[PDB]
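A short worksheet on the structure shown next.
All Cβ positions, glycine included, derive from the backbone under ideal geometry; neighbour counts span all protein chains shown. Every number here is computed from the coordinates shown, using simple stated rules; none is lab data.
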Amino acid sequence: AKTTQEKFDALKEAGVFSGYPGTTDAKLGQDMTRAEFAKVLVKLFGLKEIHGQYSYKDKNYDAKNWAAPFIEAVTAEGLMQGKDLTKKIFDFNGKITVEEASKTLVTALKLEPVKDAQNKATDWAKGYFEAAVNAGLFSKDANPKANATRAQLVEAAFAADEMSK
Ligand SMILES: CO[C@@H]1O[C@@H]2CO[C@](C)(C(=O)O)O[C@H]2[C@H](O)[C@@H]1NC(C)=O
Ligand SMILES: CO[C@@H]1O[C@@H]2CO[C@](C)(C(=O)O)O[C@H]2[C@H](O)[C@@H]1NC(C)=O
């Protein structure tokens, strides 16, 4: 049993995570954009990329956006939907939150969301967060509304990959 840095080393090896330019530093106290997390999900679950397609109307969401193949893939898969359907906004530059990540992983893992869960999560996310908590993907005193740290995401990702046989 294996430190957060060691889990990151393993996930980086398997191409799931990448680090930052000019440094081998994992920066586990830093946040992560929704674009970066979409990639992580794609690699975590071996989803196929989707090129030449753009389903969202965010500014600079187009063929010059390195993240679009990943954002399209997690969207076809049902793991992510964006933040509103009417305006078709994904918010690729915003940071992934623990309750958002929770949604994605609970769904990818086909776990049962909890009806009428009591916790601090946003309404739409309460069953997702509670299920993610009970799966050991996030700690029960993580803040569901806070941006997830890279440490928390390494831990959640590593645990999730375990749950896939
Ligand atoms: C700003 O450079 C980027 O940093 C990103 C950090 O978060 C993740 C999910 C990661 O793999 O660590 O994605 C990284 C990008 O791949 C990119 N990294 C590099 C080395 O250019
Ligand atoms: C603001 O509405 C929420 O946005 C969340 C963004 O993160 C994810 C994981 C997403 O699907 O991309 O979950 C979204 C929630 O379902 C919710 N989005 C909607 C359209 O209701």
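Among the listed residues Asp31, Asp91, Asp84, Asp58, identify the single one that is of a type in the set (D, E, K, R) and without any contact (Cβ under 8 Å) to a residue 24 or more places away in the chain. First the steps, then the outcome.
On the way: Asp31 fails: without any contact (Cβ under 8 Å) to a residue 24 or more places away in the chain; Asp91 fails: without any contact (Cβ under 8 Å) to a residue 24 or more places away in the chain; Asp58 fails: without any contact (Cβ under 8 Å) to a residue 24 or more places away in the chain.
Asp84 is the lone residue from the list that is of a type in the set (D, E, K, R) and without any contact (Cβ under 8 Å) to a residue 24 or more places away in the chain.
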Exercise. Scanning the range 9-19 for residues that are part of a helix (DSSP H, G or I) and among the aliphatic types (A, V, I, L, M), which turns out nearest to ligand 1 (Cβ to nearest atom)?
Worked result: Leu11
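Only residues that are part of a loop (DSSP other than H, G, I, E, B) and either of a type in the set (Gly, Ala, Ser) or touching a residue at least 60 places away in the same chain (Cβ under 8 Å) (or both): list them for the range 63-73, please. Before you say what the answer is, go through the steps one by one.
Taking the range 63-73 as the starting set, the residues that turn out to be part of a loop (DSSP other than H, G, I, E, B) are 63-67.
Correct list: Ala63, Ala67.
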Exercise. For residues in the range 92-126 being closer than 24 Å to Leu44 by Cα and of a type in the set (S, T, N, Q), which is surrounded by the most Cβ atoms within 10 Å (Cβ to Cβ)?
Worked result: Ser102
Exercise. Filter the range 74-128 for residues that are over 16 Å from the mean Cα position of the chain (by Cα) and part of a helix (DSSP H, G or I); which is nearest to ligand 2 (Cβ to nearest atom)?
Worked result: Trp124
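Residues are listed down the side, and each one gets a yes or a no for (1) part of a loop (DSSP other than H, G, I, E, B); (2) surrounded by 15 or more Cβ atoms within 10 Å (Cβ to Cβ); (3) more than 16 Å from ligand 1 (Cβ to nearest atom):
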| site | (1), (2), (3) |
| --- | --- |
| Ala1 | yes, no, yes |
| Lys7 | no, yes, no |
| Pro21 | yes, no, no |
| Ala26 | yes, yes, no |
| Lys39 | no, yes, no |
| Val42 | no, yes, no |
| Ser55 | yes, no, yes |
| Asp58 | yes, yes, yes |
| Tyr61 | yes, yes, yes |
Exercise. Within the set of pairs 6+ apart or on separate chains, which have a first residue in the range 3-24 that is closer than 25 Å to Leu47 by Cβ, a second that is acidic (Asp, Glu) and in a loop (DSSP other than H, G, I, E, B), and C-beta atoms under 8 Å apart?
Worked result: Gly19/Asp25
